[PDB]
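This report refers to the structure that appears directly beneath it.
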Amino acid sequence: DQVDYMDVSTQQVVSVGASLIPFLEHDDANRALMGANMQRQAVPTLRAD
Amino acid sequence: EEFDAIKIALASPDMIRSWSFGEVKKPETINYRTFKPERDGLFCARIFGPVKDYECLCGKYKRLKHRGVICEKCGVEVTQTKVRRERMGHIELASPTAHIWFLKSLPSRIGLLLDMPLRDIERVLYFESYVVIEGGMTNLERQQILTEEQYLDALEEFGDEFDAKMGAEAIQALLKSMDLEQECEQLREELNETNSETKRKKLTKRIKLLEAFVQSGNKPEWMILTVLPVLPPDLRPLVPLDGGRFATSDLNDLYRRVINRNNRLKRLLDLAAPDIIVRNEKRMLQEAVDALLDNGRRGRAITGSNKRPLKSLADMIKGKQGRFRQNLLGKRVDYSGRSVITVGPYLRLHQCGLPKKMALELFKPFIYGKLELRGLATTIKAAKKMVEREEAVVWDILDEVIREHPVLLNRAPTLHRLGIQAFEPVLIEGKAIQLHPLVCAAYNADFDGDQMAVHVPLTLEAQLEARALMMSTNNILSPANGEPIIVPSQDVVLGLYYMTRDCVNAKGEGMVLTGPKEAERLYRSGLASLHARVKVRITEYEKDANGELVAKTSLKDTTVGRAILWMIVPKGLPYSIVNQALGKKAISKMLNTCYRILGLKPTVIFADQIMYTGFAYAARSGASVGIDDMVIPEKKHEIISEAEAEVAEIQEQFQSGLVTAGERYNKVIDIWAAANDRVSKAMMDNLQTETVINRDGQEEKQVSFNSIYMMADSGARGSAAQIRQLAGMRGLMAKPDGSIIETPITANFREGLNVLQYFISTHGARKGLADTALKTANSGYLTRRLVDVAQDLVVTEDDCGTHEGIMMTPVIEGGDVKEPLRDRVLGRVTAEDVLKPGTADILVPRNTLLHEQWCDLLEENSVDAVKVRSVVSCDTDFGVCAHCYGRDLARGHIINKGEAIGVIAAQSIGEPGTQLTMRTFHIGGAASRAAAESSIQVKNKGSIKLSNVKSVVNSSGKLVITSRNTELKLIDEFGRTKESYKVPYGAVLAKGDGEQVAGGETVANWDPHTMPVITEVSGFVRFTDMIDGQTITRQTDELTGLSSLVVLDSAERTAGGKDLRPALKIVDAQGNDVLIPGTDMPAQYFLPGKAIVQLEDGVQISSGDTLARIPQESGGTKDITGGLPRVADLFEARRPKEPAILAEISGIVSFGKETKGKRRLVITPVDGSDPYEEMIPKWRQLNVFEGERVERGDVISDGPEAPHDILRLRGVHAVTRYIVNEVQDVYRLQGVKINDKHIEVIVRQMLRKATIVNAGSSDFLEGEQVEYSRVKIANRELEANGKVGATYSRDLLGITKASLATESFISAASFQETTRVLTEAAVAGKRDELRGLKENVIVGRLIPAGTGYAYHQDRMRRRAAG
DNA sequence: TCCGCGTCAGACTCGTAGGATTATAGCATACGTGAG
DNA sequence: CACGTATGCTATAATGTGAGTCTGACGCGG
Ligand SMILES: Nc1ccn([C@@H]2O[C@H](COP(=O)(O)OP(=O)(O)OP(=O)(O)O)[C@@H](O)[C@H]2O)c(=O)n1
Ligand SMILES: [Mg+2]
Ligand SMILES: [Zn+2]
């Protein structure tokens, strides 16, 4: 009866970059930060897989 | 050129003219069309020199034939263009201009000289007001300011016979008229008559200034500039960019400002302009010169084009970025390269993979050279083209040059000396540098993209210094601790662990082999496992009394695996070394053992062998990291629901009334901290063993071969702390403030945090990451302060022949001996023939290096205390003796004379801080502290020994302690100290002094949260000065109404209560004061900030009761963030807010005066008739009572001691040991091993200077501060010859000031505060003879240390003749 | 002793970008040096 | 003598200005 509202998605806390990390739930926040940071450094290959 | 010293002094107007080669009259730079220098402009060729080599401007004389031929037509000398970087010019200023550095730089020289405040001088300079220069009529005296209206009054009445002027002309006249001699005598006469304490300093300082001014031969007028020097053109260049545009220095904009306004001033003087306009122009001229010298000091700096302030002269010297730190104390370097690093597991310890193309380029001159000696290259340009074409024969020549040629590898940051190492290079195809694994530790190298600098030592000398001193193989031990830095890790560890570790039966349990060869063949054949018990016959080789090795053959139960590792193990070592399951910790000991028994080459070979076998078996095994590895305890949910309803019950009790925010914070943190340990220990029992393997018939228990458990137990990678977060519970995380979040993370990484647990994790994570970026800065700033202070310290002598040293006892704190005496005195020169108990035969000699063998003898006899020779007590002037220092911990033998000890000390103290900043922070998330410091339980039976303790017996029957410093010890039978235990104040002891307790008994219980105020006397309780709202606060309850009192401190307190000390006073039934047993003191206990008293006034107390609970919020987290500021505070000698009081002079004391409650402790010694009287706070309670014969430095108050007071009363070894222990407390809390001798070096540098009383035969008089070495030199010649004896007193300097107090001004300038250092040196006319290292590095010379010590000592003896 | 002032704050790496911003009067005599 | 560079004078009256703020710490001097 006290509850007024609820989170729309489980994703809303996280940004775009971090949303692309699969098992984020099992990853330390520091390592996850650098992961989201290195995805931005990824050079596209000849065959996009 | 080769010179002896450098001196700095004020520039005379005429001196400035000497350097100048002409007056630049015009702002003209160059001609827009012919981009050549304009007439008498800023780039004038007529003044600074020719633009092109041996060519005049108008072009009449060309070629090297024309030499010094000044062209008559244009007026340009035919010399090299180089001259335009060296020739200076000048500017004729219309008005005299004050030099900002002597005006604004604090304290200031012009102000201190005239004894005239800055404000007065400035009013004069900006032409607001006149100043009197001299009036024969005392009507107006000297230096008296007159406003515009004040000047009109005296001008009519007296006029003429009184001289008062405005602007820099006035101040220059005032400086010219001032007689340095006469004022010196007048000031000496003032000090003779009435020397007031604080103004004696200031008068003595102006006397020192006047004396120093006359001795320097500087003239005060010269502080005001009449001629202004101009920097040579090439040092403020106008060059064309590719785009056709030009680019120029900001000095050109500032010079043009000055010239325009100066020339306009000449004009307005020629034109006889009205005075208001002349004044404005003189203001603007001084503004422009002050902007040119030091922009930003004179207020708002002049912004150029972007808005950024123009970079002025001083700005190019001053900043870190100036010229000292950037271009002179370090530079960019030829024959330098870099690239990504990658592993070279195939390499030997002394080798590194160097890319082909990289090495081709670095050794270009060496190739050119061999190419011409083989006659393959006709000349250098053909050799260059052969290299450009990269011809096949060139590769073969390059291979020949690199052979036996060492290359330096460097990694940023270079924290300690092993951050540079030499290797023999191995040419490799590919662009990445290959690094040997075992040195990755010293570089802190991990291959996820780190890069390294390569440097080529060119000279034969540099090659030899690289191969002998800097080689990887030769730098095995660290400069800080004696432990080795080079050691196998990761795979090399995993492989050897897999080999040694044993399993149940397996293939071929209980088999008999004939040596390790049979074992290996069996394992390779596939009939035996590596972890299977098998009886083998190994033949170990043990060293005898001489150099001969004795051979011993015996049967010992072992695994196959360990037998095969024995094959790698050199003869001399015991088989017991390989017989355990090996981890990284055991392998490090293995290589150290081998080094000290067998020597360097065998350990080198053995190290390589360990690496090869380790990696080869690492791939043979096949360890993996599965998700099933991290097994969660079945009993987590129970522990957590229990812990969770518990914390819930305390939160509900919070609204009730037994709880402050601090108390509940402590209680919740304690509950979760114990829960975390519980779940972790559940996981580790369930994981570490919980291996049900059926032995040969029935079931057995043995260690688990779970992958993550093996990784943790071997010490290969993760610790138990990390695996807690994986498989157990993540725990309580700590905010960026350091205060810990009340809600812990119940989950682990295998379980998956949920959105809320992950979000809560973020705080700790990011504070960790921000910590690495930000704190490494203050860490690094401490490294640099330390280095500057201990640069000069070098081993100068072999033996000073001193007996003096500091008594080192074993660090036995917290039951388990923290640091053994043997290790603490391992590698030190023993002082004073210290034998065994029975004094009738010497056991140990005097000057003898404490080797591991001597140390092992010490342990059989169980010596507790040893006077050892230390750096601090060494007599050597201008350095320290090899014996006072002891072993070079990095070499493993006696230190070499000439070694730069100070640098190594500063680096080794600095490194751990800087490394522990980034390291613990990125790696951990949460804080795993454990606060449950309630009960002391004793581990081994013995009798209770209480030293320093004053306790009162309470009505319970129990001994309740009321001492501040209390040390419970555990004595055995023989009577040695083995366990220690710091009992606090407010403690209940189970048993009293000298009583027997059994193993596992609790001997004292105390509350950790709340330090109670415990009363000695019994009676009724009285509220003194405890006015509600003024000093305390009142808070009331329901139904009946329980009020509770909280003592508001002066922070929250009103102006009314400020002077009142609030205190619970003990009165009896009559309502008279109860006395404290045996003294005239009435009982009264002064309550500090927020002392929460429950029980309201008039309540009968018994003795030994808790009056008041002051809350003790310990929001501290266990990290270096909080430790390092304490380290910096000790090194810089930062006096605390409440210094500890100590006996000043020995003798017999009674009390005199009191200010309300403030004690005025009166010492009246026995022999020394003069008293010493101290004001003391009322609330600070004394350890001493009344008439006792206390000696110098007996502890009176409770509170932290100032290192100053320790040095000043007890002396050197006292204060040195205080610093060493207080610093080491912090570093030891973080698991950092630094030898005391390094800290001792820096304390020696702290105690460099000494103040002097009285005169000798030199110029001492009252209170000059001179260095200790130099006054000792004087005292040695004085004692032999006689003359006036001089009393001295050593002064402590904290690091920053100690580095600025060095008599080298080049070192002082390079360190910090450069503007101020150069003004004080320039005014003193100081002469730097270049003795220190920084000084010689700046002039680009040989260091007076290491290799350079030989050459440098040869120059010092060339000073005696020729 | 209270409060404006002024000197402090890790080490290397690379990748960079922008020239942007601004307005001035127009014409005759004088001052000075260079080309034919 | 031409070319480049500079100093000259203009006559309605007009005559008083004008960025970014916030670190935290410590050690002297007034
Ligand atoms: N801003 C930084 C980052 C890194 N380093 C140095 O480089 C080392 C390695 O950095 P990094 O590779 O990020 O850390 P590791 O502890 O090796 O962890 P990982 O590579 O697994 O992330 C740091 O410990 C530190 O000595 C530094 O001085 N300054
Ligand atoms: Mg790295
Ligand atoms: Zn010429």
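Miscellaneous remarks
- When we screen B:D450, B:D544 for residues that are within 16 Å of ligand 2 (Cβ to nearest atom) and of a type in the set (D, E), the only hit is B:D450.
- Contact map, region B:302-318: residues that are touching a residue at least 12 places away in the same chain (Cβ under 8 Å) and more than 14 Å from every other protein chain (Cβ to nearest Cβ) paired with residues that are among the β-branched types (V, I, T) and more than 10 Å from DNA strand C (Cβ to nearest atom), Cβ distance under 6 Å, separation 6+ or inter-chain. Pairs shown: B:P309/B:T303; B:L310/B:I302.
- The number of residues in region B:412-442 that are within 16 Å of DNA strand C (Cβ to nearest atom) and surrounded by fewer than 21 Cβ atoms within 10 Å (Cβ to Cβ) comes to 8.
- Set B:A422, B:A432, B:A441, B:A462: member being within 16 Å of ligand 2 (Cβ to nearest atom) and free of Cβ contacts under 8 Å to residues at least 60 places away in the same chain: B:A441
- Among residues of region B:195-223, those that are in contact (Cβ under 8 Å) with a residue 60 or more places away in the chain and either in a loop (DSSP other than H, G, I, E, B) or within 16 Å of ligand 1 (Cβ to nearest atom) (or both), counted: 3
- Scanning region B:1273-1298 for residues that are acidic (D, E), without any contact (Cβ under 8 Å) to a residue 40 or more places away in the chain and touching a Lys or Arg at 6+ places or on another chain (Cβ under 9 Å) turns up just one, B:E1277.
- Region B:243-261, residues that are in contact with a helix residue (DSSP H, G or I) (Cβ under 6 Å, 6 or more places away or on another chain) and not basic (K, R): B:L254, B:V258
- Per-region count, region B:225-245, residues of a type outside the set (K, R), surrounded by fewer than 17 Cβ atoms within 10 Å (Cβ to Cβ) and out of contact with any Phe, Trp or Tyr (no Cβ under 8 Å at 6 or more places or on another chain): 6
- When restricted to residues that are touching a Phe, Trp or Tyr at 6+ places or on another chain (Cβ under 8 Å) and in a loop (DSSP other than H, G, I, E, B), region B:1180-1213 contains 3.
- Qualifying residue in region B:121-136 (condition: assigned to a loop (DSSP other than H, G, I, E, B), under 47 Å from the mean Cα position of the chain (by Cα) and buried (at least 20 other Cβ atoms within 10 Å of the Cβ)): no
- Among the candidates B:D792, B:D737, residue that is more than 14 Å from chain A (Cβ to nearest Cβ) and surrounded by 18 or more Cβ atoms within 10 Å (Cβ to Cβ): B:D792
- Conditions (1) on the phi > 0 side of the Ramachandran plot; (2) within 47 Å of the chain's Cα centre (by Cα); (3) of a type in the set (A, V, I, L, M): number failed by B:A506: (2)
- B:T34 polar (S, T, N, Q) and within 13 Å of DNA strand C (Cβ to nearest atom): yes
- Unmet criterion (only one of (1) among the small types (G, A, S); (2) in a loop (DSSP other than H, G, I, E, B); (3) surrounded by 15 or more Cβ atoms within 10 Å (Cβ to Cβ)) for B:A1004: (2)
- Scanning region B:913-940 for residues being away from chain A (no Cβ under 13 Å) and surrounded by 18 or more Cβ atoms within 10 Å (Cβ to Cβ) gives a total of 9.
- Pairs linking a residue in region A:3-26 that is within 12 Å of chain B (Cβ to nearest Cβ) to a residue that is aromatic (F, W, Y) and assigned to a helix (DSSP H, G or I), with Cβ atoms under 8 Å and 6 or more positions apart or on different chains, are A:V13/B:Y758; A:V13/B:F759; A:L24/B:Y758; A:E25/B:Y758.
- Residue selected from region B:744-778 under the condition within 22 Å of B:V679 (Cα to Cα) and among the charged types (D, E, K, R), by the criterion farthest from the other protein chains (Cβ to nearest Cβ): B:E751
- Contacts under 8 angstrom Cβ, first residue in region B:1108-1132 being closer than 25 Å to B:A661 by Cβ and touching a residue at least 60 places away in the same chain (Cβ under 8 Å), partner in a helix (DSSP H, G or I) and within 16 Å of ligand 2 (Cβ to nearest atom), 6 or more apart: B:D1119/B:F921; B:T1121/B:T917
- Qualifying positions in region B:1085-1143 - within 16 Å of DNA strand C (Cβ to nearest atom) and not in a loop (DSSP other than H, G, I, E, B): B:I1120, B:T1121, B:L1124, B:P1125, B:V1127, B:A1128, B:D1129, B:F1131
- Put simply, of B:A466, B:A445, B:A532, B:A519 the only residue that is surrounded by 16 or more Cβ atoms within 10 Å (Cβ to Cβ) and within 16 Å of DNA strand C (Cβ to nearest atom) is B:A445.
- In the condition set (1) within 16 Å of ligand 2 (Cβ to nearest atom); (2) over 11 Å from the mean Cα position of the chain (by Cα), A:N37 is compliant with all but (2).
Cβ: placed from backbone, ideal geometry, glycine included. Neighbour counts: every protein chain shown. Here, each number is a calculation from the coordinates, and none is a lab measurement.
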